[PDB]
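>>> So I pulled this structure from the PDB, and the sequence comes with it:
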Amino acid sequence: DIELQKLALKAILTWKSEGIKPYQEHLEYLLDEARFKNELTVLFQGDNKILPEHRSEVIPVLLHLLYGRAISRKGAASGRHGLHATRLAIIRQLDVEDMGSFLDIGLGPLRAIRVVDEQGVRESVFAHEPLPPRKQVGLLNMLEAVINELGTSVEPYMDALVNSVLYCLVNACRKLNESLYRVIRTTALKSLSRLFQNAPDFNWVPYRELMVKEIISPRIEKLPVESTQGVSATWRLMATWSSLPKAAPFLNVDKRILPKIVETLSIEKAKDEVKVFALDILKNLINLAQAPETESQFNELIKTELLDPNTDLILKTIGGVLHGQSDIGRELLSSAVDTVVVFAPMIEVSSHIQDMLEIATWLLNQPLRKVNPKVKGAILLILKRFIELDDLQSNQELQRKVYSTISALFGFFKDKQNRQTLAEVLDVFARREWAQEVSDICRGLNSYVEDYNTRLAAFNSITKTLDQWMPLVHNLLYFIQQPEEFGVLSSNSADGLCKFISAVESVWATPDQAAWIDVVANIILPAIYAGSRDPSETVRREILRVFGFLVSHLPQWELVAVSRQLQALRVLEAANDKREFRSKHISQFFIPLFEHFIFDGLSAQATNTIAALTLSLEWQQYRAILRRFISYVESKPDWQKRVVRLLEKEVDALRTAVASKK
Amino acid sequence: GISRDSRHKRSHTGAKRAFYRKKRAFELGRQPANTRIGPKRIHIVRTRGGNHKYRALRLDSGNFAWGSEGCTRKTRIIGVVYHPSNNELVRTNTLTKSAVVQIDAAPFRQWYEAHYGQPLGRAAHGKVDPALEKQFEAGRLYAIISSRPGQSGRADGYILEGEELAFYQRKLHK
Amino acid sequence: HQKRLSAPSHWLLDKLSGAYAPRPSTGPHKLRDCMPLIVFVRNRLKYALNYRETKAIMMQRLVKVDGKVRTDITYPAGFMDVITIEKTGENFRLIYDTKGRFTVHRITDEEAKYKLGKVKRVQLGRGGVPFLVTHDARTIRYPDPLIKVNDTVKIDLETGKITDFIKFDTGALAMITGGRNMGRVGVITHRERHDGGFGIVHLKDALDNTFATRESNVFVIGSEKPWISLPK
Amino acid sequence: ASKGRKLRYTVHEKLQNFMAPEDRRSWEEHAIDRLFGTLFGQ
Amino acid sequence: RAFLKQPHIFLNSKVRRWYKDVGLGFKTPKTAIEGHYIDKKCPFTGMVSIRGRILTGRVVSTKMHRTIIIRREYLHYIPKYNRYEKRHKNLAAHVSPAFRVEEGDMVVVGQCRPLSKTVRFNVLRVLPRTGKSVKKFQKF
RNA sequence: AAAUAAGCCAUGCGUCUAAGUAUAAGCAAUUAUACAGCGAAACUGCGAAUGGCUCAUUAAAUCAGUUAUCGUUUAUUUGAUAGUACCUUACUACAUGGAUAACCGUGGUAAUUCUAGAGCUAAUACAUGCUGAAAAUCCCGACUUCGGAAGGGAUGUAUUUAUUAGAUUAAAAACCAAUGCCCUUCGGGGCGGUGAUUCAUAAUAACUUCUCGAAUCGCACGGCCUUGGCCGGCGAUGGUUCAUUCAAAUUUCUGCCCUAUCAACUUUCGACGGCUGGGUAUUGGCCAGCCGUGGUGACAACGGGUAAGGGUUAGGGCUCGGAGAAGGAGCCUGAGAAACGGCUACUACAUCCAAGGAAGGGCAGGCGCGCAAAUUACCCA
């Protein structure tokens, strides 16, 4: 009460001591209710600081008064800015040495309390109340402010704060009157979650049954069904437990904790963040197991007591998550894939590696909107670690399927380090098998990653067999797609591709006439179709080279300078009208090449060739083709005459087509 | 006599003009507030629309933003270091906007050792630019004033960090 | 205290009401787009004779304007305010004519219950809530999320909520409430943007007269759908 | 050049005849010029 | 001098540039997109907003600290002669350093808030022409 | 129904509704007595940015059309509007304070509320303002019988500053070549606003000698029945923010009459910028520090002369259109004034007096020779 505080301060000043004498004006303004926040920063950080000679005289009086001002409910507003910032602005400016007397006036009956004895739990203390459930709430809010304002400097005051917070916590955990005990529980758990990473060197081993009674009794048999919505204070506590190296031995006391924590990951109706939170708890556990000599005191305990009997259920939950739902967040995907990345060099034997390899190749045949390429490189590292377990010999259809994926990601990636690790996962593939052949592919792609002289050496050595050839074809079309370092790489890749298709036309035996011909369709022909739109003229030249080699060597396959350029275009005109053509060839190879011919009598000759080909393609392609050309009209104001000449030629071809089809 | 009209000055073509009209209350401009360092002396001015603006003439403390970490604290104001406009404000210690002034560092130091825990100025996310670390070892940081003290009644602002900190150290050396 | 000739030409006064004219008090509708209640009662309808008689009508709760009792005499009632008199059992509505003047329309409760108001602006108010401002300065909290600017709304007038809305459309018939072609009920057939200020629409009547009016001066009344009874 | 910074020596009109010169000096003008010679140098 | 800055953008973080489009069918030049000058009366860097009138014309004097004067010519109708006469006016506009400046060119300006006693306009588009000195005439 | 003066001379001159405060020692009463009806005095709220007078003038600066406020203030209007508890007083608190006016008395002085002393008493005047209660209120919701919910997070507003979000992804290496892919009967089927903003808005961290979140008045008086209450309606007054209206302030292009016995002008109160701040309701050389070299002009700047129209279209008519309150100088109120309504000092007139002191600064009318000529009219209907 402000009036009783004023009269009490008047009596304290009636005690006439020279320690209080120079500070009376600074004292009374704290009880004047309009100047409290200004008088606080007049007292501390002022020219009239408290002198350390009579600091011993003023500080008990001042701290009783500041305590009363922190208690008083009248002048304070609502919300946080009402009185929460007042408590914070007192405690943030108080010294850590005065804070002992501050908590001494804070804890009245709980000053000399003992929670733990030589035995486990003091039930005689716990079956009694010294404070009202109204009164413990302000205590816990104050100690939360004290800890959040102190930080490490709690180290000289460890022996009483933890007894207070533990007493209020276990009285709440016995009382599960609901609301006050519930808020007592939640704010005490927040205070403890701060206090743990406040104090690393304090000894937490004389009590373990208290964490047991705080955890295993109310929650754990229902904990994922509860935590399906949002992160809680128990999870906030287990997080800094997983972060601290001496607190991870609290998770071993009940064996079923980590089962329920990954069962939370198993429940699919969770709102993504409790999932990534449990995922982060697991990240911290595996990082602590991988840490050096500091965490090696309990490394063996977490290795042999926590993760080793629950590897199987961990992989089962991650498998159900990755194969179950149709909608997976990118944050959960990247974080869980990073957990499997860090968890793979921890397991030596396990049970569900067949499943996990099939999961990795499923997530690598996933598209690019669902899975990032950085995430694909992390699943590559997953492949690199999981492949060396002796598993691919049985279930050989799985092993051919993952080899289809390792080959498929060679032309996909654009990063040197990812291609290095790709060469490594193919190396341990080769160590696990056929074996000489995959080792030959290994040395080939190895000196492909290797710099320009070793690269051309690789190209020449490969220049000098189906599953042998397929990864070389994928990385070879990638080495087509590079424009130039000196221009030599695309030429060498084109010559190697010519060697490959020469081997294909060398094999015309019928059960391989199925396989090699399906390969040279599905891998090589859309590669040439997509590389037709490449703006580099040397890349267009080399794709022209391999396509001319294909037409010259193949033909039994059913699906197949200025003046010389004009001459070849006229011969292509005549060849068109003599033989109409294949429509997908016309749509996806010749038109963008001639478009590039225009946009780098060449232009009119090009429009003549497109006006020839528009008769030979089909209207369903022509619809979107014409729409792309009007898109060129509206998007390109740079060559209006050229695009409109092209349009006039195409509509003359349109009227020709309709007049023929009548 | 202090006003805001343009009737006394010459035109764009270089001509003066008579154009004599009396000074009006919407051309009103009041006398400047040289906000200095002292205890709090603020006078409240009522203005058009009945709206109050707080003319602060002597100020002690304001809150300053160490916002790269996420805090702002109320600290006192020691003395103005440099001012980009005038030298007389540097001489007579006048708090205006865009004034670089040195402030106390104790609540920022307290919040650093309270949140992170590694002490400062006496793992990897707690990281301090070594120039700013020298300011913390001095116990007196170089803040800059972003609030108008005359037309709001408080001298608040953000702390200098990085390139602006080095720029105003070089300008102090100038 | 303006003179009878300086009063605008669309709330009519004859050679009778003295040389002076009442000014409208400040309110929802504008000054020059306004009919005061005294001009509506004693100069248009002639239910009264004098200022004191108009006061003796207004002060007792006998005249309700937009469903609420309006006490003061010079209360502004510009456009489409339903005016309910219960002792006579009539509800009048204010529309325009083809020449550009105010027109009164007698009607009963079924068409008297709703008001067709043109949206002035849509915004996000305090509390993070979208709100809607009409030309009657009615703000509606939580509107329908397609009702954009220059759309008209059927306001309930017993709760004030939205009931229906008509979109700004090239092919929806409209009413002109300003400009040199004021008061011409016709169909919006074209709309030109003119970004940089003062865009226009091109509008034709039922009988082929094209003219360009500004999108501020337009006012949507219905595609065919005469939701208020224009007088036959 | 600018606002006031150069001493424009102009005879000011209302500033012209403010104060009369009032010689209030209790010393007799013959001892004073002998004083300013015999400072720290002499 | 003080360190120039874009007024609310947090540069000193240990964990960009604000350029708005003026609109009105205009394109931001590459110097206004990335060029490291800082000017607060620039409509692409500072907070100055263009609205209202949109004018054109030919520069008289480029040689000035980011302010150009435009001679605007028009044909006035004198009724005493019943004839058209040439009348020249001089505008002032603040110049961003984003564009490449020439003398005698035809420049597009836009209306903004008053930036000085004369300056009410900013440059938005420059048409590089071979226009000559004061002897040259064209209504524009 | 038309009807020079300079100088003399007299006379003439706010605000109350059922709805803030009534113990008038004020009137008028009775069938349940704090008050009840009428209600002077006084406190409280509103009002006087004008009705209209005088006279050295204002030469695209006003003004007119024509823009803009993404550069600003707005009482009143009318419309929406405010989720903000707990948080060590508990061995507590739970019908909130004190002032004054009117009034009653005792007076002083030549001098009217010019006022002194003494005693009261109210507020929608000024002012504080944890509490019945173990709950309250927002966002999520597992499980689900529409069941309605186990249990998880969280605790306004105004100012000022820093920061983040202002919206599908940024390894954006995506979406765009759906020019496909599959089935099929070959017909087919399936796969916030703006032109624009750092705008509006939301959040974190704090900050304020900082506000608001109703301790008010009138009228009806109904449901649940713990018959001890708990709920309840219509208004008046008041309140934060956003509107809207009424304004005000700037601001963009064009348009004045004549003149070269006016060709240089500005920098002679900075003249043109840009940077930084101050002040303003806001922009702005508007003002202060730093520097750069300008700006206008024979296409008529500048100076000089003083003789100071627009819209409505048969027509005429009709409509709209700077400086002072005895003289400079400074201040006060209010949403709006540099009110001239007040104050202060100086200057200049002038009045009463008991000679100590004290209040105050207009127009209209008649004469203007000794001889002359339109009412000192009545009412807000």
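Happy to help now that I have it. Numbers count the residues shown, from 1 in each chain, chains lettered A, B, ... in the order given.
>>> which residue does chain A bring closest to chain E?
residue A:637 (11.6 Å; Cβ to the nearest Cβ). No exception for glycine: its C-beta is placed from N, CA and C like everyone else's.
>>> What's the local residue count around that residue?
8 (other Cβ atoms under 10 Å in any protein chain shown).
>>> now swap in residue A:523 and tell me
Residues lying near residue A:523 (other Cβ under 10 Å) number 19.
>>> From residue A:365, how far out is it?
As judged by Cβ to Cβ, to the nearest Å, residue A:523 and residue A:365 stand 15 Å apart.
>>> contacting residues around the spatially most central residue of chain C?
The centre of chain C sits closest to residue C:79, judged by Cα atoms, centre = their mean, with a distance of 1.5 Å. Counting by Cβ atoms under 8 Å, 6 or more residues apart in numbering or on different chains, residue C:79 makes contact with C:29, C:33, C:94, C:135, C:136, C:177.
>>> switch the cut-off to 7 Å
C:29, C:33, C:94, C:135, C:177 (Cβ atoms under 7 Å, 6 or more residues apart in numbering or on different chains).
>>> In TSV, list these along with neighbour count, distance to residue C:100 and secondary structure.
Formatted as TSV, these follow (neighbours: other Cβ atoms under 10 Å in any protein chain shown; distance: Cβ to Cβ, whole Å; DSSP: H, G, I helix; E, B strand; the rest coil):
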residue	neighbour count	distance to residue C:100	secondary structure
C:29	20	17	coil
C:33	16	12	coil
C:94	20	14	strand
C:135	19	18	coil
C:177	20	10	coil
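>>> now the strands: where do they sit in the chain?
Picked chain A for this. For chain A, applying DSSP state E gives no strands.
>>> Chain B is the one I meant
Taking DSSP E as the test, the strands found in chain B are B:36-37, B:41-47, B:51-59, B:61-66, B:71-82, B:100-104, B:140-145, B:157-159.
>>> Just put these in JSON lines and tack on distance to residue A:166 and mean neighbour count.
Compiled in JSON lines, these are given as follows (distance: least, Cβ to Cβ, whole Å; neighbours: other Cβ atoms under 10 Å in any protein chain shown):
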{"stretch": "strand B:36-37", "distance to residue A:166": "49", "mean neighbour count": "18"}
{"stretch": "strand B:41-47", "distance to residue A:166": "49", "mean neighbour count": "12"}
{"stretch": "strand B:51-59", "distance to residue A:166": "47", "mean neighbour count": "16"}
{"stretch": "strand B:61-66", "distance to residue A:166": "35", "mean neighbour count": "22"}
{"stretch": "strand B:71-82", "distance to residue A:166": "30", "mean neighbour count": "19"}
{"stretch": "strand B:100-104", "distance to residue A:166": "38", "mean neighbour count": "23"}
{"stretch": "strand B:140-145", "distance to residue A:166": "40", "mean neighbour count": "22"}
{"stretch": "strand B:157-159", "distance to residue A:166": "40", "mean neighbour count": "23"}
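>>> secondary structure class for the residue lying farthest from the centre of chain E?
Most distant from the centre of chain E: residue E:15, at 38.4 Å, with distances by Cα atoms, centre = their mean. Look at residue E:15: counting by DSSP: H, G, I helix; E, B strand; the rest coil, its state is coil.
>>> how close does it get to residue A:282?
25 Å.
>>> quick one: residue A:183 and residue A:137 touch, right?
Yes - Residue A:183 is within contact range of residue A:137, at 6.0 Å (criterion: Cβ atoms under 7 Å).
>>> which residues touch residue C:181?
Residue C:181 neighbours (Cβ under 7 Å, 6+ apart): C:211, C:213.
>>> Helix, strand, or coil at it?
coil.
>>> circling back: quick check: the residue farthest from the centre of chain E vs residue B:117, distance?
From residue E:15 to residue B:117 the distance is 20 Å (Cβ to Cβ).
>>> And for residue C:185?
Distance of residue C:185 to residue B:117, computed by Cβ to Cβ: 77 Å.
>>> ok, now residue E:71?
Applying Cβ to Cβ to residue E:71 and residue B:117 gives a distance of 69 Å.
>>> Could you pick out the longest helix of chain C?
Secondary structure of chain C per DSSP state H: the longest helix is helix C:51-58.
>>> And that one, what's buried?
By neighbour count on 16 or more other Cβ atoms under 10 Å in any protein chain shown, the buried set for helix C:51-58 is C:54, C:57, C:58.
>>> Sweet, I'm off.
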